[PDB]
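Below: one structure, written as structure tokens.
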Amino acid sequence: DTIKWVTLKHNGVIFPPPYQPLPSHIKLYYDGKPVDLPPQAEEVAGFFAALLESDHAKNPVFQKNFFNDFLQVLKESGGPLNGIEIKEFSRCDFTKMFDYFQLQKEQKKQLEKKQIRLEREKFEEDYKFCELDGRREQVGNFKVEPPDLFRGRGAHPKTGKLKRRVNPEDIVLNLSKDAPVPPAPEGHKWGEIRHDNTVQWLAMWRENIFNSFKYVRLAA
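Under UniProt numbering, read the sequence shown as residues 141 to 251, 255 to 363, first letter to last.
In structure tokens, the structure reads:
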């Protein structure tokens with residue numbers, strides 16, 4: 141196949157921050173009672189609550205898909221902590237979560256901005272460029288998209304389904320054999336460290352909605 145590179149050195153991808161649980165006074169309510177949710181379930185419920193006043197929030201297909209995925213994450217996480225048992229979408233009340241998110245948004249309007260802009264781009268400096276064939280090359284797509292609910296257009300049957308968080312374990316890094324491997328985060332390991340010179344991608348993984356590939360590729 142056409143050899144795309146002789147040598148390729150890179151620092152991988154930037155993972156979105158880990159989820160931060162909501163403050164104790166912000167909960168999903170089920171039949172009017174506050175539900176103590178494990179963080180993974182809470183995160184997923186929060187995706188719907190943030191979208192509470194959007195068109196998507198009233199689309200029954202969106203509600204169905206979100207709810208089935210929410211119940212699935214709930215099960216994986218061991219269920220609610222205060223024994224409530226969530227069985228029906230209609231008994232769920234996301235209002236306080238929604239109002240809190242709106243409050244969060246509003247508070248941010250008071251930001255500092257450019258400084259953050261600087262501390263970020265300085266950090267991203269290491270991922271925005273790679274060294275290919277000994278030359279500094281630019282990389283587009285060094286950030287993995289954060290989890291959220293898939294918003295499909297029209298009568299998309301999968302609208303409302305959860306796009307899961309992509310972990311290091313799902314990713315394949317492609318680089319020169321001798322090239323130093325960028326440490327995966329915290330206590331994770333990479334899904335694979337490949338050394339294929341016939342492809343120009345730097346990292347690759349699959350997204351869960353359509354089973355298609357995502358890639359970290361070089362700028363045009």
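Each residue gets a CB set at the ideal place from its N, CA and C atoms; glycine is no exception.
On a CA-only basis, which of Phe202, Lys149, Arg263 and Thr147 is nearest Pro157? Give me that one, please. Among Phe202, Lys149, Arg263 and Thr147, the Cα nearest to that of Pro157 belongs to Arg263.
In angstroms with no decimal places, state the Cα-to-Cα distance between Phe210 and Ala181. Cα-Cα distance, rounded: 7 Å.
Quick check: what's the CA-CA separation for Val287 versus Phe155? Distance between the alpha carbons of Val287 and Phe155: 6 Å.
Starting from the N-terminal side, write out each stretch of the beta strand (DSSP E) that is 3 residues or longer and does not extend beyond the segment 292-359. You should have 315-317, 335-337 and 346-349.
Take every Cβ of the segment 161-173, pair it with every Cβ of the segment 273-286, and state whether three or more of those distances are shorter than 8 Å. Touching, no.
Quick check on the burial criterion: 16 or more other C-beta atoms within 10 angstroms. Buried or exposed for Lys167? The residue is buried, with at least 16 neighbouring Cβ atoms inside 10 Å.
Start-to-end residues for the alpha helix (DSSP H) that takes in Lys173: Here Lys173 belongs to no alpha helix (DSSP H); instead the beta strand (DSSP E) covers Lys173 to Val175.
When you compare each of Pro290, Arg337 and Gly277 to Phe188 by their alpha carbons, which one comes out closest? Out of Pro290, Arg337 and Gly277, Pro290 has the C-alpha closest to the C-alpha of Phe188.
Among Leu221, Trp145, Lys249 and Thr142, whose alpha-carbon lies nearest the alpha-carbon of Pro179? Looking at the Cα atoms, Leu221 is the closest of the given residues.
Looking at the secondary structure, which residues open and close the alpha helix (DSSP H) in which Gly186 lies? Element bounds for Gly186: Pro179 to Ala190.
Starting from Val213, trace the alpha helix (DSSP H) both ways and give me its first and last residue. Its alpha helix (DSSP H) spans residues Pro200 to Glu216.
Of the residues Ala298, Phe241 and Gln212, which one's Cα is nearest the Cα of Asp195? With distances taken between Cα atoms, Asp195 lies closest to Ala298.
If contacts are defined as beta-carbon pairs under 8 Å, then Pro325 and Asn151 qualify, I think. What distance do you get, rounded to the angstrom? Rounded, the Cβ-Cβ distance is 4 Å, consistent with contact.
Boundaries of the beta strand (DSSP E) in which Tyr159 is found, first to last residue: Neither: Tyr159 is in no beta strand (DSSP E) and is coded neither H nor E.
Which one of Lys306, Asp321, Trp344 and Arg308 has the shortest CA to CA distance from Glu280? The option with the nearest alpha carbon to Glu280 is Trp344.
Test item: CB-CB of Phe293 and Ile336 under 9 Å: No, these two residues do not count as a Cβ contact at 9 Å.
Count the other CB atoms within 10 Å of the CB of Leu251; is the residue buried (16 or more) or exposed (fewer)? Exposed: under 16 other Cβ atoms inside 10 Å.
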